[PDB]
Ligand SMILES: *[C@@H]1O[C@H](CO)[C@@H](O)[C@H](O)[C@H]1NC(C)=O
């Protein structure tokens, strides 16, 4: 019988660890917590009983790492809609992209 | 205040399960294979 | 556990069987008992007897 | 945060204040004539009269 996260994660699997990279868009796996984002330095002073920080509406904001206990911030990678300025196909095919 | 309240409940309705086993999409895609994951996927897409 | 062919009733709801090592679980409750032969269906969520 | 964007307005606050300053200077300079046709100047006691 399992429960899926009543506690900090203690029973991991035999998958090999991977060296950490700073300030890049990566697909991390933080003891079963799968998510996307960049990993920057953080100035949020956690008390030592926390293992992760949680943002509004079930999104994870900051995670301390295994084997190092150094605090990390999760910021999502850069996104946004694309937009096209056009004068119309009757006039010209020159396109400004927003 | 009305626009901020509607925006806040639009953000906050992701935390609902809508009958699925978890609100976060990433862990249920991490822990179920698709031909029984898709029942929870359809409920999450329908609710959202 | 998965590659052992002595079992015939792995039969795992909740987390799917084929992707099980990749998650890191928190509390594992390894219970153990011995039962009557046709009571496989009653150890299941919902079936009563 | 999760894919919802707030688009900026086409008219910024300085340009809206420039529109209201154009309206204000137009009414204290002309009365009701600038809203109808060309701006015809007035003395402002004669406008209030
Ligand atoms: C394209 O533009 C020109 C001038 O702007 C106009 O005379 C012409 O009718 C336009 N083409 C169509 C198909 O409307």
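Using Swiss-Prot numbers, chain A covers 514-611, in order.
Cβ atoms are placed via backbone N, Cα and C, with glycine included.
Among the features that Swiss-Prot reports, region 'Disordered' is placed at A:519-541. According to Swiss-Prot, the disulfide bond annotation covers A:538-A:590, on the basis of experimental evidence. Positions annotated as N-linked glycosylation site by Swiss-Prot, on the basis of experimental evidence: A:603.
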Report task. Could you tell me which of the recorded positions A:538, A:590, A:603 have their C-beta within a distance under 6 angstroms of some atom of ligand 1? Result -> A:603
Query raised in the report: Reduced to three states, what secondary structure does DSSP give residue A:538 (disulfide bond)?
Result: strand
Query raised in the report: residue A:590 (disulfide bond) has how many other Cβ neighbours within 10 Å of its own Cβ?
Result: 10
Report summary line: Three-class DSSP assignment, residue A:590 (disulfide bond), comes back as coil
